[PDB]
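A single chain, nothing else alongside it, follows as structure tokens in the form deposited without 7,8-dihydrobiopterin (HBI).
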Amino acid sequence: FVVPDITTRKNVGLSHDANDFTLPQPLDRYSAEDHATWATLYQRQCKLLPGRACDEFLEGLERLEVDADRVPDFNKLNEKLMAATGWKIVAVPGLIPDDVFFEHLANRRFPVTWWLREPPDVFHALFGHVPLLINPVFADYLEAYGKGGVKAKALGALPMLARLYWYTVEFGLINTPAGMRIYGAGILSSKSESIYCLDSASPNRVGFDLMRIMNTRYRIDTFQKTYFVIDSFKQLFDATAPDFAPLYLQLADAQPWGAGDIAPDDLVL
């Protein structure tokens, strides 16, 4: 039997732009259970993350006044976000087309799935991704990433950019004099990956390298076998400076590294 998935069920009776896939945040659809689920997840992560999350993340939560006790009102969060970096969040139904996603980031709009899991959803999107948008360097990296979507799509290279996003925005680590810390949203909203990614001898931790990352496969249904480590958000933004076109064409005929591989030139940490 095939039954409707959560995206389908949550969006019953709602609409989305056929081009940019946005909708007004459906505030009336959040139940008491939803706000309680949000509060539980928020409390859980805030207990786990001190000394694991990078300091910029935890500061972003406070500066944006991300609600501890209910699903945040997107309009209200946008007041603080816009004043900080000129970014805003927009509600989407769930997974959206790539050109749409990129066009949003290119225009300093961060798409956020509106609905919450039952006890990627709004907790992952808002709690995991949004706090770093208050950091001007990180925000500029995301904008530059978004702007690269047009060229990538024209060259059939969206999956190569997707690897860069996965291994930075979703699963990135940042080294600090106080020790290794986390900036990837997929780790920051996770119950357990926050522990494994810093505490386990199992995963590789490899210095950030643009070409290497864009040549590296990933899997979505398991903890990462490799994490890439930056020294600063400036490293990410600076990585977007050169022309990616000749990089895509070189990668196109290469054999990608497996998710668990160490490459001969890796700086292994």
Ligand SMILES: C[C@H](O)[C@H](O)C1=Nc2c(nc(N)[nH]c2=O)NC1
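All residue numbers are counted from 1 along the displayed sequence.
Although it is not shown, the form solved in complex with 7,8-dihydrobiopterin (HBI) is what the next lines describe.
Each of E59, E79 and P136 near 7,8-dihydrobiopterin (HBI) in the deposited complex, meaning some heavy atom within 4.5 Å?
-> Contact check failed for every one of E59, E79 and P136.
Specify the contacting stretch among 92 to 100, 174 to 182, 192 to 200, 79 to 87, defined as having any heavy atom within 4.5 Å of 7,8-dihydrobiopterin (HBI) in the deposited complex.
-> Among the candidates, contact is made by 92 to 100.
Of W115, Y167, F127, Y145, the one that lies within 4.5 Å of 7,8-dihydrobiopterin (HBI) in the deposited complex (heavy atoms) = Partner contact (heavy atom, 4.5 Å) among the options: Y145.
Using 4.5 Å between non-hydrogen atoms, is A106 touching 7,8-dihydrobiopterin (HBI) in the deposited complex?
-> Residue-level check for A106: no, no contact with 7,8-dihydrobiopterin (HBI).
Could you confirm whether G186 comes within 4.5 Å of 7,8-dihydrobiopterin (HBI) in the deposited complex, counting heavy atoms only?
-> Judged by the heavy-atom cut-off of 4.5 Å, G186 is well away from 7,8-dihydrobiopterin (HBI) in the deposited complex.
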